[PDB]
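The data below hold one chain only, encoded as structure tokens and taken in the form described as "open state" in its entry title.
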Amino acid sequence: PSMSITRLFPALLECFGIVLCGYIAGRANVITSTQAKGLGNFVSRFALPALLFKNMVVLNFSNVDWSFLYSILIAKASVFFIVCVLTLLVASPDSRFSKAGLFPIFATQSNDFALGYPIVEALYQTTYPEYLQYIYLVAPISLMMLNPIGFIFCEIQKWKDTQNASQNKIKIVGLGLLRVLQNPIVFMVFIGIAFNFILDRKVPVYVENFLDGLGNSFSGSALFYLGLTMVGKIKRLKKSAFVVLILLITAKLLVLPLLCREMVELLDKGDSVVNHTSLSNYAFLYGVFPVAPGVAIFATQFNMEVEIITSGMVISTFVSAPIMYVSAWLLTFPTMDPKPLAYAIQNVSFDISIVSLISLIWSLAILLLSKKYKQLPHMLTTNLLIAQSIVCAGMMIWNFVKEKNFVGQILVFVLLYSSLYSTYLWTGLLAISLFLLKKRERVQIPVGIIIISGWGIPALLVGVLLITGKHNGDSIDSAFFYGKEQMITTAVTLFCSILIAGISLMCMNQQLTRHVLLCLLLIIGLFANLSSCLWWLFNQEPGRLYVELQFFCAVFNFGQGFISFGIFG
């Protein structure tokens, strides 16, 4: 295929597993905040410049598609210009230049080497090997292009804050540019380009082992340091600052991908449809890379906007994981016929259910071992997390069982289906329990009946499904394993929970917020699945928007554990 999309989930597990290792290590103080700087110094002063130098010396410039460079750079320059001019118009006077510097750098500078390259490598190393070159071209040329302008605005702020020092523009410009030249990425690219020419792309045999040994250590070491620098970083922001952060992460993780993709489709006027397509898709995925950790370092160096930039970098890194996974698969679906596409959505479901189950077990354990599960609603909320866990656990088994045998398929189907419906009801059961708790303190909530229904009724619905329906189990999609009746069952379950929740939340309006938020964020997913099921039935020959909806309702179905992991973890 045009992109080895199956290799992305392992790459993301490498990337974000090692970031999680660093995060766990810093949390557990396996490495303290002052000890982490030793790893950071190694990463940035040795491993990264070695990696840059090696790849820049090796690079065949007579094989670079400059259109991709110009496309991504013009897209980054666009987002930079937009965020800069918009920041200059929106922000308040005494902070507008610090923000106009760092917010555009934020919105454009990608976590290219640590996170981007493992992902690009996995996706494209075998299908389109030259796509790995553009990491080392785009990322540094991006700094040389755009970072000096942002630093110039930060130097304007440093100048303006220092009202004793109404000094020269030449110093402002020069110092901004000097900070760009002092960046190891920038100067090791200049140095590597010089030795690309001097050596005719040949790393000396007796220097190669060194550059290999240092450079190859970068990814793991940098991803680990990234985890360590994410510990204790998401400070409680003002509502205004949180909205700004959402808009900046939207610029980096949505707008920049869309503009990158558009620019490749504008400028890659070359002939090949499939090469144009894969390059376009690579441009989108390039745009989805997180904010580079270096932006937080610049912010610290200036002492400017540091909470927003650090928190945004942290959140951007984590938000890039699902967006990147989701986007890459979504872009790949137009290349797939309906059977490998059904396989694809089950693979997606399995992948998400793994990491969601892990998030769920963690969140469950926290709520249990904190003894939060004693309180109401938190006991039923823990049951909602239990419900989500059994959903994810079932889907993992269906991937193992999809070709095993008829009986195991049915049994595994019982489990997955039933937990699937149990989540649906616990959405509603929680929501009406919120109303019941809100109604008056003298009301004793019918916890036992609620639990018995929250698992009996889903078991009953799967029993009904087995009885009234028939085995459609030749079908790869487990949500279609029992066909028309299955999706009607799904639809009724969701609608019941939706009515229960809407009515109860209404009466409740006429601890609480996190559970209301949970129910609503589940309800948008329940409606995604409700839509999916009636649409399935009738469409009969569903379009591209259906496989994308099928995909996003699968992302919800199994990724809803991450919702719980955010709300209570």
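One rule holds for the numbers: they count along the sequence shown, beginning at 1. Superpose the two forms; the largest set of C-alphas matching within 1.5 Å is the rigid core.
This next part talks about the form described as "closed state" in its entry title, which is not shown.
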Conformational change between this form and the one not shown, one of 87, 486, 281, 316, C-alpha moving 2 Å or more after core fit: 486
C-alpha of residue 142 off by 2 Å or more between this form and the one not shown on rigid core: no
Residue 67: Cα shift of 2 Å or greater between this form and the one not shown (core-aligned): no
Rigid core superposition, residue 375 Cα moves 2 angstroms or more between this form and the one not shown: yes
